[PDB]
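Q: So that you have it, the file is entry27.cif, and it contains mmCIF, C-alpha atoms:
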```
data_work
#
loop_
_atom_site.label_atom_id
_atom_site.label_comp_id
_atom_site.auth_asym_id
_atom_site.auth_seq_id
_atom_site.Cartn_x
_atom_site.Cartn_y
_atom_site.Cartn_z
CA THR A 1 22.31 -48.82 -15.74
CA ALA A 2 22.20 -51.43 -12.97
CA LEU A 3 20.06 -49.04 -10.90
CA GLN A 4 17.02 -49.90 -13.03
CA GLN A 5 17.61 -53.63 -12.55
CA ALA A 6 18.01 -53.15 -8.80
CA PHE A 7 14.81 -51.09 -8.64
CA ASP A 8 12.74 -53.60 -10.60
CA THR A 9 14.15 -56.48 -8.55
CA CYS A 10 13.16 -54.62 -5.38
CA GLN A 11 9.67 -54.02 -6.77
CA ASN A 12 9.28 -57.71 -7.66
CA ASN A 13 10.52 -58.73 -4.20
CA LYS A 14 8.03 -56.36 -2.55
CA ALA A 15 5.18 -57.73 -4.69
CA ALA A 16 6.14 -61.32 -3.85
CA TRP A 17 6.36 -60.44 -0.15
CA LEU A 18 2.88 -58.87 -0.26
CA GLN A 19 1.51 -61.94 -2.06
CA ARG A 20 3.03 -64.20 0.60
CA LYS A 21 1.57 -61.97 3.32
CA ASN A 22 -2.01 -61.90 2.08
CA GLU A 23 -1.96 -65.59 1.10
CA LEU A 24 -0.82 -66.42 4.63
CA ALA A 25 -3.49 -64.13 6.09
CA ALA A 26 -6.17 -65.92 4.08
CA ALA A 27 -4.68 -69.19 5.31
CA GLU A 28 -4.97 -68.33 9.00
CA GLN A 29 -8.44 -66.82 8.67
CA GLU A 30 -9.57 -70.03 6.97
CA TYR A 31 -7.88 -72.04 9.73
CA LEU A 32 -9.72 -70.01 12.39
CA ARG A 33 -13.00 -70.50 10.52
CA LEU A 34 -12.46 -74.27 10.34
CA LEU A 35 -11.42 -74.64 13.99
CA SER A 36 -14.45 -72.58 15.05
CA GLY A 37 -16.65 -75.16 13.33
CA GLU A 38 -18.18 -78.13 15.09
CA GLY A 39 -16.41 -80.66 12.85
CA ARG A 40 -13.23 -81.99 14.44
CA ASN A 41 -11.34 -82.43 11.12
CA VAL A 42 -8.14 -83.32 12.97
CA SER A 43 -6.26 -84.13 9.76
CA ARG A 44 -7.54 -80.88 8.26
CA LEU A 45 -6.57 -79.01 11.43
CA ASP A 46 -2.96 -80.18 11.59
CA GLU A 47 -2.41 -79.92 7.83
CA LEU A 48 -3.63 -76.33 8.08
CA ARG A 49 -1.22 -75.82 10.98
CA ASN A 50 1.61 -77.08 8.77
CA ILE A 51 0.42 -74.77 5.98
CA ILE A 52 0.37 -71.82 8.39
CA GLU A 53 3.92 -72.54 9.55
CA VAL A 54 5.35 -73.02 6.05
CA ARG A 55 3.61 -69.91 4.68
CA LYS A 56 4.91 -67.87 7.62
CA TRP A 57 8.41 -69.14 6.84
CA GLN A 58 7.91 -68.14 3.19
CA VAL A 59 6.77 -64.68 4.32
CA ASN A 60 9.92 -64.38 6.43
CA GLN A 61 12.10 -65.38 3.48
CA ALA A 62 10.34 -62.93 1.14
CA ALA A 63 10.73 -60.13 3.69
CA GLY A 64 14.44 -60.90 3.99
CA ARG A 65 14.80 -60.87 0.20
CA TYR A 66 13.00 -57.52 -0.01
CA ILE A 67 15.18 -56.01 2.73
CA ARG A 68 18.35 -57.22 1.01
CA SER A 69 17.24 -55.89 -2.38
CA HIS A 70 16.34 -52.52 -0.84
CA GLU A 71 19.77 -52.34 0.80
CA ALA A 72 21.43 -53.26 -2.51
CA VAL A 73 19.59 -50.60 -4.51
CA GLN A 74 20.31 -47.99 -1.83
CA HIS A 75 23.99 -48.96 -1.96
CA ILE A 76 24.02 -48.62 -5.76
CA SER A 77 22.39 -45.18 -5.50
CA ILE A 78 24.92 -44.09 -2.88
CA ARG A 79 27.91 -45.36 -4.86
CA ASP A 80 26.98 -43.75 -8.18
CA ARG A 81 25.84 -40.48 -6.57
CA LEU A 82 29.15 -40.28 -4.71
CA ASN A 83 30.86 -41.20 -7.99
CA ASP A 84 29.45 -38.19 -9.85
CA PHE A 85 30.00 -35.89 -6.86
CA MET A 86 33.62 -37.05 -6.69
CA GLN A 87 34.09 -36.51 -10.42
CA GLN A 88 32.73 -32.99 -9.92
CA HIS A 89 34.75 -31.86 -6.87
CA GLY A 90 37.66 -34.29 -6.56
CA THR A 91 40.41 -31.74 -7.12
CA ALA A 92 38.97 -29.42 -4.47
CA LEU A 93 38.35 -32.27 -2.02
CA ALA A 94 41.93 -33.50 -2.47
CA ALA A 95 43.22 -29.95 -1.98
CA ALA A 96 41.24 -29.97 1.26
CA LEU A 97 42.98 -33.25 2.16
CA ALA A 98 46.38 -32.35 0.69
CA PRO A 99 48.27 -32.34 4.05
CA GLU A 100 47.09 -35.93 4.64
CA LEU A 101 46.98 -37.88 1.37
CA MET A 102 49.50 -36.03 -0.82
CA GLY A 103 51.80 -38.52 -2.51
CA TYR A 104 49.30 -41.28 -1.78
CA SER A 105 50.42 -43.59 -4.59
CA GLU A 106 54.04 -43.17 -3.43
CA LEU A 107 53.46 -45.03 -0.16
CA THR A 108 53.11 -48.53 1.26
CA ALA A 109 49.80 -50.26 1.92
CA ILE A 110 49.67 -49.69 5.68
CA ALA A 111 50.69 -46.04 5.34
CA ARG A 112 47.99 -45.64 2.69
CA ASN A 113 45.41 -47.16 5.05
CA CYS A 114 46.46 -44.88 7.91
CA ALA A 115 46.38 -41.78 5.69
CA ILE A 116 42.92 -42.56 4.33
CA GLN A 117 41.74 -43.33 7.88
CA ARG A 118 42.85 -39.85 8.94
CA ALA A 119 41.16 -38.37 5.87
CA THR A 120 37.88 -40.16 6.53
CA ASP A 121 37.60 -39.46 10.25
CA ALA A 122 38.37 -35.82 9.46
CA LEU A 123 35.44 -36.10 7.05
CA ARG A 124 33.56 -37.66 9.97
CA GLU A 125 33.74 -34.55 12.12
CA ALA A 126 33.19 -32.36 9.05
CA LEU A 127 29.89 -34.06 8.19
CA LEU A 128 28.97 -34.17 11.88
CA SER A 129 29.27 -30.39 12.14
CA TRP A 130 27.52 -29.83 8.79
CA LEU A 131 24.50 -31.84 9.89
CA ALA A 132 24.69 -30.33 13.40
CA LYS A 133 23.90 -27.01 11.73
CA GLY A 134 20.38 -28.41 11.44
CA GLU A 135 19.40 -28.00 7.77
CA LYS A 136 17.01 -30.29 5.88
CA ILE A 137 17.81 -31.75 2.45
CA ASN A 138 16.00 -33.89 -0.13
CA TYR A 139 17.07 -36.67 -2.48
CA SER A 140 19.42 -36.25 -5.43
CA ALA A 141 17.69 -34.74 -8.45
CA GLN A 142 18.88 -37.31 -10.99
CA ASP A 143 17.53 -40.37 -9.15
CA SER A 144 14.91 -38.76 -6.90
CA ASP A 145 12.00 -40.77 -8.32
CA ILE A 146 13.50 -44.22 -7.67
CA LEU A 147 14.60 -43.38 -4.12
CA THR A 148 11.18 -41.88 -3.36
CA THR A 149 9.35 -44.93 -4.72
CA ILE A 150 11.52 -47.34 -2.71
CA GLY A 151 11.30 -45.08 0.36
CA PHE A 152 13.87 -43.91 2.87
CA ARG A 153 13.38 -47.05 4.98
CA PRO A 154 11.58 -50.34 4.31
CA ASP A 155 8.15 -51.10 5.70
CA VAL A 156 7.78 -51.89 9.40
CA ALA A 157 6.04 -55.12 8.40
CA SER A 158 9.13 -56.16 6.43
CA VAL A 159 11.34 -55.67 9.51
CA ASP A 160 9.14 -57.10 12.26
CA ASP A 161 8.20 -60.13 10.14
CA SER A 162 11.89 -60.81 9.43
CA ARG A 163 13.16 -60.28 12.99
CA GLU A 164 13.01 -64.03 13.65
CA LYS A 165 15.96 -66.09 12.40
CA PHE A 166 16.23 -69.81 11.62
CA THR A 167 19.21 -72.12 11.96
CA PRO A 168 20.44 -73.62 8.66
CA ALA A 169 18.94 -77.02 9.53
CA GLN A 170 15.56 -75.34 9.98
CA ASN A 171 16.01 -73.50 6.68
CA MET A 172 16.75 -76.78 4.90
CA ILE A 173 13.83 -78.67 6.42
CA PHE A 174 11.37 -75.84 5.74
CA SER A 175 12.64 -75.61 2.16
CA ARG A 176 11.96 -79.33 1.77
CA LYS A 177 8.50 -78.95 3.32
CA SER A 178 7.71 -75.98 1.06
CA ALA A 179 8.79 -77.96 -2.00
CA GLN A 180 6.58 -80.86 -0.91
CA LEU A 181 3.62 -78.52 -0.37
CA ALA A 182 4.18 -76.89 -3.77
CA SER A 183 4.21 -80.33 -5.39
CA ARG A 184 1.03 -81.27 -3.53
CA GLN A 185 -0.82 -78.10 -4.52
CA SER A 186 0.38 -78.27 -8.14
CA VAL A 187 -1.33 -81.64 -8.60
CA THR B 1 44.64 -16.62 13.73
CA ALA B 2 44.76 -20.08 15.30
CA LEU B 3 46.58 -21.42 12.24
CA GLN B 4 49.19 -18.67 12.61
CA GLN B 5 49.64 -19.60 16.28
CA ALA B 6 50.11 -23.25 15.33
CA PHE B 7 52.60 -22.28 12.61
CA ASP B 8 54.83 -20.07 14.74
CA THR B 9 54.61 -22.47 17.69
CA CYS B 10 55.84 -25.22 15.36
CA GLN B 11 58.61 -22.90 14.16
CA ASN B 12 59.67 -22.20 17.75
CA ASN B 13 59.66 -25.92 18.55
CA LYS B 14 61.75 -26.63 15.44
CA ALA B 15 64.27 -23.93 16.40
CA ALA B 16 64.48 -25.29 19.96
CA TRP B 17 65.04 -28.82 18.65
CA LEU B 18 67.74 -27.53 16.29
CA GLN B 19 69.47 -25.85 19.23
CA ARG B 20 69.16 -29.06 21.25
CA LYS B 21 70.83 -31.15 18.55
CA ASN B 22 73.56 -28.53 18.07
CA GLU B 23 74.33 -28.49 21.80
CA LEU B 24 74.30 -32.29 21.95
CA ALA B 25 76.62 -32.59 18.94
CA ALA B 26 79.08 -30.12 20.46
CA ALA B 27 78.82 -32.21 23.64
CA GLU B 28 79.94 -35.48 22.08
CA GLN B 29 82.54 -33.63 20.01
CA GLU B 30 84.14 -32.29 23.19
CA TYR B 31 83.68 -35.67 24.91
CA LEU B 32 85.54 -37.54 22.17
CA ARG B 33 88.20 -34.81 22.09
CA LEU B 34 88.81 -35.36 25.81
CA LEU B 35 88.67 -39.15 25.47
CA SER B 36 91.31 -39.09 22.73
CA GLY B 37 93.58 -37.18 25.10
CA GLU B 38 95.91 -38.99 27.46
CA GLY B 39 94.71 -37.08 30.52
CA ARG B 40 92.83 -39.22 33.03
CA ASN B 41 89.94 -36.83 33.79
CA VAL B 42 87.87 -39.73 35.12
CA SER B 43 85.39 -37.49 36.93
CA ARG B 44 85.29 -35.28 33.84
CA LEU B 45 84.60 -38.34 31.69
CA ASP B 46 81.73 -39.46 33.93
CA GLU B 47 80.14 -36.02 34.08
CA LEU B 48 80.50 -35.65 30.30
CA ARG B 49 78.77 -39.00 29.83
CA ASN B 50 75.96 -37.63 32.00
CA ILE B 51 75.96 -34.53 29.77
CA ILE B 52 75.64 -36.75 26.69
CA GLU B 53 72.73 -38.77 28.03
CA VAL B 54 70.81 -35.76 29.38
CA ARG B 55 71.30 -33.91 26.08
CA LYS B 56 70.04 -36.96 24.20
CA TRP B 57 66.95 -37.05 26.42
CA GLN B 58 66.38 -33.32 25.87
CA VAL B 59 66.72 -33.80 22.10
CA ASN B 60 64.19 -36.64 22.24
CA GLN B 61 61.73 -34.50 24.20
CA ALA B 62 62.15 -31.53 21.85
CA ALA B 63 61.67 -33.74 18.78
CA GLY B 64 58.54 -35.27 20.30
CA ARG B 65 57.10 -31.84 21.06
CA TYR B 66 57.92 -30.66 17.53
CA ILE B 67 56.24 -33.73 16.03
CA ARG B 68 53.16 -33.17 18.20
CA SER B 69 52.96 -29.53 17.10
CA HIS B 70 53.37 -30.64 13.47
CA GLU B 71 50.46 -33.05 13.88
CA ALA B 72 48.35 -30.36 15.57
CA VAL B 73 48.94 -27.79 12.82
CA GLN B 74 48.24 -30.38 10.12
CA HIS B 75 45.02 -31.37 11.89
CA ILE B 76 43.80 -27.78 12.26
CA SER B 77 44.64 -27.00 8.63
CA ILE B 78 42.73 -30.11 7.54
CA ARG B 79 39.77 -29.12 9.72
CA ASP B 80 39.63 -25.59 8.29
CA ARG B 81 40.07 -26.67 4.67
CA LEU B 82 37.45 -29.41 5.00
CA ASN B 83 35.04 -27.01 6.70
CA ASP B 84 35.37 -24.50 3.86
CA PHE B 85 35.21 -27.00 0.99
CA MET B 86 32.30 -29.10 2.16
CA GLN B 87 30.47 -26.02 3.44
CA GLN B 88 30.65 -24.89 -0.18
CA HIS B 89 29.60 -28.24 -1.68
CA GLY B 90 27.42 -29.72 1.08
CA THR B 91 24.18 -29.43 -0.86
CA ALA B 92 25.37 -31.88 -3.50
CA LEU B 93 27.38 -33.87 -0.93
CA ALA B 94 24.29 -34.59 1.18
CA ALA B 95 22.08 -35.03 -1.89
CA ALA B 96 24.44 -37.83 -2.93
CA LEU B 97 24.22 -39.27 0.61
CA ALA B 98 20.54 -38.52 1.32
CA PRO B 99 19.13 -42.13 1.44
CA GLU B 100 20.72 -42.67 4.88
CA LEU B 101 20.89 -39.24 6.58
CA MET B 102 17.19 -38.36 6.55
CA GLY B 103 15.97 -37.39 10.02
CA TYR B 104 19.36 -37.92 11.64
CA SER B 105 18.62 -35.91 14.79
CA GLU B 106 15.15 -37.43 15.16
CA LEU B 107 16.66 -40.92 14.98
CA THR B 108 18.02 -42.75 18.02
CA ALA B 109 21.68 -43.15 18.96
CA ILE B 110 22.16 -46.59 17.37
CA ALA B 111 20.41 -45.44 14.19
CA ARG B 112 22.70 -42.40 14.14
CA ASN B 113 25.75 -44.65 14.53
CA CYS B 114 24.64 -46.97 11.73
CA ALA B 115 23.91 -44.06 9.39
CA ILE B 116 27.24 -42.36 10.04
CA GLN B 117 29.08 -45.67 9.61
CA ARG B 118 27.40 -46.19 6.22
CA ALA B 119 28.34 -42.65 5.22
CA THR B 120 31.91 -43.34 6.33
CA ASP B 121 32.49 -46.45 4.25
CA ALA B 122 30.79 -44.83 1.25
CA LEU B 123 33.30 -41.98 1.54
CA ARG B 124 36.04 -44.60 2.04
CA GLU B 125 35.30 -46.22 -1.31
CA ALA B 126 34.77 -42.91 -3.12
CA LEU B 127 38.10 -41.47 -1.98
CA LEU B 128 40.04 -44.69 -2.56
CA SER B 129 38.62 -44.84 -6.10
CA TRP B 130 39.70 -41.24 -6.73
CA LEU B 131 43.17 -41.96 -5.37
CA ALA B 132 43.31 -45.09 -7.52
CA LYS B 133 42.70 -42.93 -10.59
CA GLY B 134 46.13 -41.50 -9.80
CA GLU B 135 46.01 -37.76 -10.51
CA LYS B 136 48.31 -35.59 -8.40
CA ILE B 137 47.08 -33.75 -5.29
CA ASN B 138 48.09 -30.13 -4.67
CA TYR B 139 47.82 -27.95 -1.57
CA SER B 140 44.89 -25.59 -1.11
CA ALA B 141 45.46 -22.19 -2.69
CA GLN B 142 44.54 -20.21 0.44
CA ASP B 143 47.08 -21.95 2.71
CA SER B 144 49.61 -23.29 0.21
CA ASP B 145 52.58 -21.31 1.56
CA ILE B 146 52.05 -22.34 5.19
CA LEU B 147 51.56 -26.02 4.37
CA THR B 148 54.73 -25.88 2.28
CA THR B 149 56.62 -24.31 5.20
CA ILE B 150 55.57 -27.08 7.59
CA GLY B 151 55.52 -29.67 4.81
CA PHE B 152 53.76 -32.99 4.41
CA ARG B 153 56.00 -34.87 6.87
CA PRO B 154 58.48 -33.77 9.55
CA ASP B 155 62.19 -34.29 9.08
CA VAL B 156 63.54 -37.83 9.23
CA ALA B 157 65.69 -36.82 12.21
CA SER B 158 62.60 -36.16 14.33
CA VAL B 159 61.26 -39.63 13.57
CA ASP B 160 64.36 -41.75 14.08
CA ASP B 161 65.68 -39.89 17.14
CA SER B 162 62.34 -40.29 18.96
CA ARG B 163 61.88 -43.99 18.15
CA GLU B 164 62.96 -45.04 21.65
CA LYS B 165 60.58 -44.37 24.54
CA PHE B 166 61.28 -43.54 28.18
CA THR B 167 59.44 -44.95 31.18
CA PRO B 168 57.97 -42.30 33.52
CA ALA B 169 60.57 -43.08 36.21
CA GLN B 170 63.35 -42.29 33.75
CA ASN B 171 61.27 -39.30 32.65
CA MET B 172 61.27 -37.42 35.94
CA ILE B 173 64.79 -38.63 36.76
CA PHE B 174 66.05 -37.05 33.53
CA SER B 175 63.95 -33.93 34.14
CA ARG B 176 65.50 -33.49 37.60
CA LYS B 177 69.01 -34.05 36.23
CA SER B 178 68.39 -31.56 33.41
CA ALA B 179 67.10 -28.98 35.90
CA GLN B 180 70.16 -29.43 38.12
CA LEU B 181 72.48 -29.18 35.11
CA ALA B 182 70.78 -26.01 33.87
CA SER B 183 71.04 -24.54 37.37
CA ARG B 184 74.76 -25.27 37.62
CA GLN B 185 75.46 -24.08 34.05
CA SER B 186 73.66 -20.77 34.58
CA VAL B 187 76.25 -20.09 37.30
#
```
Take the structure from the file and write it as structure tokens.
A:
Amino acid sequence: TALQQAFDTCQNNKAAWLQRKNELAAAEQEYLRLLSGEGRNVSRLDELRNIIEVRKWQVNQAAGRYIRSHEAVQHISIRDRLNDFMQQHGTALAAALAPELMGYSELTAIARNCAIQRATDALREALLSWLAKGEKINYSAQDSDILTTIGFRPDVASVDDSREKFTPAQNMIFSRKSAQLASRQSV
Amino acid sequence: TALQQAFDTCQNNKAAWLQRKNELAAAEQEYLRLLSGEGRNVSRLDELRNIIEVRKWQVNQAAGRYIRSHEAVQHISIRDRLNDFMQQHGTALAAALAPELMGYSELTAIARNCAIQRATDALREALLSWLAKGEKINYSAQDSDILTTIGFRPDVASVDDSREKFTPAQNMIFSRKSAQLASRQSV
């Protein structure tokens, strides 16, 4: 039943990412409003710059978390859907692959790897031709609702906001700065 | 009828390789019979050694051709069986794998490559799990007799006699010698 946990984790990550996004947006609109004012407020200006940077880093982290959770839930859906499909048609699929993987357990590790490699690239051209027919298909009936709610692909905002990457030293220093800012805003 | 052509071509190659080994074996039998004799026959000994080596090369070539035909017939049988089976079950197969194959043609080349790679390792894990369950695999009912005639693996003779490889220079040298020997023997 881990699919439900993955789905709710993905939903929570998406909600947190959206909260980071709109909080950051409010932050930069307030920063623009303050800089447009006559008052110099240099301390206010550079503390708002620091806030902008740290909130943008938090948005990047939340987007990365959401992408990873979406990939994890998609992987869980793929694995259990393939599990039930394999339970349903394993004997027939093996009979299709009988010239290749017959006596699989009675073989060494490297021979097993080579045999399954032949099986799977044969499956490669099989699926290539099947899709090259040109038909259109929908989601699996059992878990259609979850996969439709999470979507085929994540949001473009989640991918273009997370395209930038930080070195581990930057990650550590921004984590420290975010903790300091959280402590400051808590009090 | 392509499978029938592969089958009888493999049978012809197997018969030719059997004839090659029979001729070679008679060759060293006669060579050792002459060597055991007290007659000098030095030129006869040298030409019989040439006979032995050219027959060994011919046996190697015949075994290699037979192995190649075996691989070809196994590959075509796998292709046909896979085509039939997953043509039958492709609706559920692609429903299980939908979250990554939506809009495959509309997607770009790198997206296509990523999607097919994800499909591949999903099938990897599914088939290795099924094989880890350990139930026996049987040949397809439609082509059981043919696959039993060819068999899962060629004879051990074909694989140990062809272990050694020949450089191209030796290849056409031996081909020329074999042609000359066939020409003289036909007379």
Q: Find, counting only C-alpha atoms, the residue in B:109, B:172, B:98, B:150 that gets nearest to chain A.
A: B:98
Q: Using only C-alpha atoms, which chain A residues lie at most 7 Å away from chain B, written as a ChimeraX atom specification?
A: /A:74,78-79,81-83,85-86,93-99,102,120,122,124,126,137-140,152
Q: Rounded to one decimal, what separation in Å do you get between CA of residue 18 (chain B) and CA of residue 54 (chain B)?
A: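 Separating CA of residue 18 (chain B) from CA of residue 54 (chain B) is a distance of 15.8 Å.
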Q: Given 8 Å of margin on each side, can you work out the centre and size in Å (one decimal) of an axis-aligned box holding every listed atom of region 45-54 of chain B, as lines of an AutoDock Vina configuration file?
A:
```
center_x = 77.7
center_y = -37.0
center_z = 30.4
size_x = 29.8
size_y = 20.9
size_z = 23.4
```
Q: What does the distance between CA of residue 13 (chain B) and CA of residue 177 (chain B) come to in Å, to one decimal place?
A: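 So the two atoms, CA of residue 13 (chain B) and CA of residue 177 (chain B), lie 21.6 Å apart.
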Q: One number please: CA of residue 17 (chain B) to CA of residue 62 (chain B), in Å, one decimal.
A: 5.1 Å
Q: Taking 6 positions as the minimum chain separation for residues in the same chain, which residues sit within 10 Å of residue 175 (chain A) when counting all atoms listed in the file? Answer as a list in words.
A: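 Close residues of residue 175 (chain A): residues 54, 57, 58, 169 and 181 of chain A.
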Q: Since I can't run it myself right now, could you work out what the PyMOL selection byres ((chain B and resi 178) around 12) selects here and report it as a list in words?
A: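 Selected by the PyMOL selection byres ((chain B and resi 178) around 12) here: residues 50, 51, 52, 53, 54, 55, 56, 57, 58, 59, 61, 170, 171, 172, 173, 174, 175, 176, 177, 179, 180, 181, 182, 183, 184 and 185 of chain B.
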Q: Evaluate the PyMOL selection byres ((chain A and resi 159) around 12) and record the selected residues as a list in words, following the chain and residue labels used in the document.
A: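 Evaluating the PyMOL selection byres ((chain A and resi 159) around 12) on this file yields residues 17, 59, 60, 61, 62, 63, 64, 65, 66, 67, 68, 70, 153, 154, 155, 156, 157, 158, 160, 161, 162, 163, 164 and 165 of chain A.
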